[PDB]
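Convention: sequence-line order gives letters A, B, ...; per-chain numbering from 1.
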Amino acid sequence: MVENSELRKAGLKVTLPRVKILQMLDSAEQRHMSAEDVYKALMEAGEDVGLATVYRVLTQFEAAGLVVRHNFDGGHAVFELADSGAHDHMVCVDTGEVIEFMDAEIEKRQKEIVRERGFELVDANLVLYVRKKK
Amino acid sequence: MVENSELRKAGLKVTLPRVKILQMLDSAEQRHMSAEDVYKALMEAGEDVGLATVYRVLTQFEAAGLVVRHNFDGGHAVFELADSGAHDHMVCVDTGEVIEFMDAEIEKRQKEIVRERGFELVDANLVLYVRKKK
Amino acid sequence: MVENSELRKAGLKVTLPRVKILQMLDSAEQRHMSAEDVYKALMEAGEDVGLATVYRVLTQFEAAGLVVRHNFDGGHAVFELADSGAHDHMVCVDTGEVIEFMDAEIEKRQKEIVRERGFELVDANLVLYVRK
Amino acid sequence: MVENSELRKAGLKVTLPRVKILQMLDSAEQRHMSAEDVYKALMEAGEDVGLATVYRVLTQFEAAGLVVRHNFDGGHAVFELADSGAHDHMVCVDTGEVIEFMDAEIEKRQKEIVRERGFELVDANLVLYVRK
Ligand SMILES: [Mn+2]
Ligand SMILES: [Mn+2]
Ligand SMILES: [Mn+2]
Ligand SMILES: [Mn+2]
Ligand SMILES: [Mn+2]
Ligand SMILES: [Mn+2]
Ligand SMILES: [Mn+2]
Ligand SMILES: [Mn+2]
Ligand SMILES: [Mn+2]
Ligand SMILES: [Mn+2]
Ligand SMILES: [Mn+2]
Ligand SMILES: [Mn+2]
Ligand SMILES: [Mn+2]
Ligand SMILES: [Zn+2]
Ligand SMILES: [Zn+2]
Ligand SMILES: [Zn+2]
Ligand SMILES: [Zn+2]
Ligand SMILES: [Zn+2]
Ligand SMILES: [Zn+2]
Ligand SMILES: [Zn+2]
Ligand SMILES: [Zn+2]
Ligand SMILES: [Zn+2]
Ligand SMILES: [Zn+2]
Ligand SMILES: [Zn+2]
Ligand SMILES: [Zn+2]
Ligand SMILES: [Zn+2]
Ligand SMILES: [Zn+2]
Ligand SMILES: [Zn+2]
Ligand SMILES: [Zn+2]
Ligand SMILES: [Zn+2]
Ligand SMILES: [Zn+2]
Ligand SMILES: [Zn+2]
Ligand SMILES: [Zn+2]
Ligand SMILES: [Zn+2]
Ligand SMILES: [Zn+2]
């Protein structure tokens, strides 16, 4: 996507680090990245952005809604482009593996539960902690 | 419930502060309490437990599974006795009001989504952020 | 008492809530406010900002460097303007009373420690948990 | 190298994972490990502890006072044995390099500040963010 239109969308001055990090997420191979993952990846692509900046920019992106922040294993923060796959996850509680899913039935029931009570749905989070039965 | 059987359940030496705080939760009027709420309430009932202890004991309880920890408004931690109502919440994103719900349809679909993929369900969290439409 | 100029240096478009929250933090300059505390105060003043809007603006400000975020008692987040005094606190473990202090000897020793190591000092944080 | 006696003082029943994780933290005493780092090491050693079990044990230890929890780079939690040295760190903002230091002048001034105020000192934390 057009990073510069997005940064204007979110009320954020277009600056070099903001554009480099957003390009990294857009083009990232792995969908769930730690702040350290983004910093390692920028080094790889030969971009000079310190870990402190990387985390601050991810925090602005989250607050602006560009990115969703999770804590699946409890011990480190995951950032994820804020698209519609970002809200439905199964977590293997023994390995830390994260698996996205989408079930139209559950998406529809969620809107029902909330309208029947006089509300509109702003946002849903569903996390399914799972174990491989055998 | 019998606090002392619970503390043994969870691998926790029975001590005065652990039993006072657990009695407070069991008998609390409000279901979602900050650490500050529990400390204020203990003062009220005329029990001498410092804020630092209160938070540490809640942290042990969470880790032992006796209590569930949420962050609904992003700005403060909520502790909640770990019963079956502790995993399904709507949050009014303008007021911070939290409302528990239970929908048997959604509970059943969640088990389906996970067995059809070779897993057993250890735990589910569902948070519905809502706005009062009018 | 409000500033769009503070927001610009931060690289942040000027908006109703950013301005209202920012001058709220300024016209209440030593309180150590939670997100809820800010939300309550705006309601008094008669603003209309949702609670989630408050917390997202305060997080934007933290990232931008306009505000410092602490968690003193473990339970709730404190948002403080990034002034001199915002990095040195004593904290009463039993009550959660928070108290800013500033000690020039301490602040001098910090810079010497760092200089004697070939580093420059970007920021320091000191928290003293105390009782009695 | 493992201790059920450490666990007892903490008020914690002695269990397989608590013991295995505890001696893992001891036989790797200056690493500043994440929950994942601990989980990986146990797998090497050939233990069988789930990742979520690791993190819950480390949280129990933090609450019990056996371990100190830091978040140095903002992104992941660090779990450190609560020894001397576990509360004073420099931190390279650009790389996340972490370095323990201890300075007796600083440690002396801290106790004077607190004493001159009628307080006793329960715990202090110093973090110096540095570059170059
Ligand atoms: Mn981790
Ligand atoms: Mn709050
Ligand atoms: Mn359904
Ligand atoms: Mn702080
Ligand atoms: Mn609190
Ligand atoms: Mn509090
Ligand atoms: Mn200072
Ligand atoms: Mn000195
Ligand atoms: Mn720390
Ligand atoms: Mn990280
Ligand atoms: Mn990290
Ligand atoms: Mn020290
Ligand atoms: Mn001195
Ligand atoms: Zn792009
Ligand atoms: Zn999450
Ligand atoms: Zn999440
Ligand atoms: Zn979501
Ligand atoms: Zn969804
Ligand atoms: Zn259905
Ligand atoms: Zn979202
Ligand atoms: Zn009871
Ligand atoms: Zn939650
Ligand atoms: Zn929750
Ligand atoms: Zn749950
Ligand atoms: Zn449920
Ligand atoms: Zn269904
Ligand atoms: Zn649970
Ligand atoms: Zn102005
Ligand atoms: Zn101040
Ligand atoms: Zn600071
Ligand atoms: Zn700072
Ligand atoms: Zn032993
Ligand atoms: Zn150490
Ligand atoms: Zn410490
Ligand atoms: Zn400590």
Separation between [atom1] of [X] and [atom2] of [Y], rounded to the nearest 0.5 Å:
| X | Y | atom1 | atom2 | result |
| --- | --- | --- | --- | --- |
| C/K132 | D/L121 | NZ | CG | 11.0 Å |
| C/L126 | D/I106 | CG | CD1 | 7.5 Å |
| C/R131 | D/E120 | CZ | CD | 6.0 Å |

Chain C contact via D/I113 - which portion, at a heavy-atom distance below 4.5 Å =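 Interface part for D/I113: side chain.
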query = Are D/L128 and C/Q110 close enough that some pair of their side-chain heavy atoms sits under 4.5 Å apart?
reply =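 A side-chain contact under 4.5 Å exists here.
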Note, D/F119 side chain near C/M90 side chain (heavy atom, < 4.5 Å) =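 SC-SC contact between D/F119 and C/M90 confirmed.
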key: C/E112 CD: over 12 foreign heavy atoms closer than 6.0 Å   = yes
message = Surrounding CD of C/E116 (heavy atoms of other residues, nucleotides or ligands, distance under 6.0 Å), is the total greater than 12?
response =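 Enclosed: over 12 neighbouring heavy atoms sit under 6.0 Å from CD of C/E116.
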note = Within residues 42-62 of chain D, the residues sitting under 4.5 Å from chain C by heavy atom, in sequence order, are none
remark   = Looking only at D/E105, D/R117, D/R109, the option with the highest number of non-hydrogen pairs under 4.5 Å against chain C is D/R109
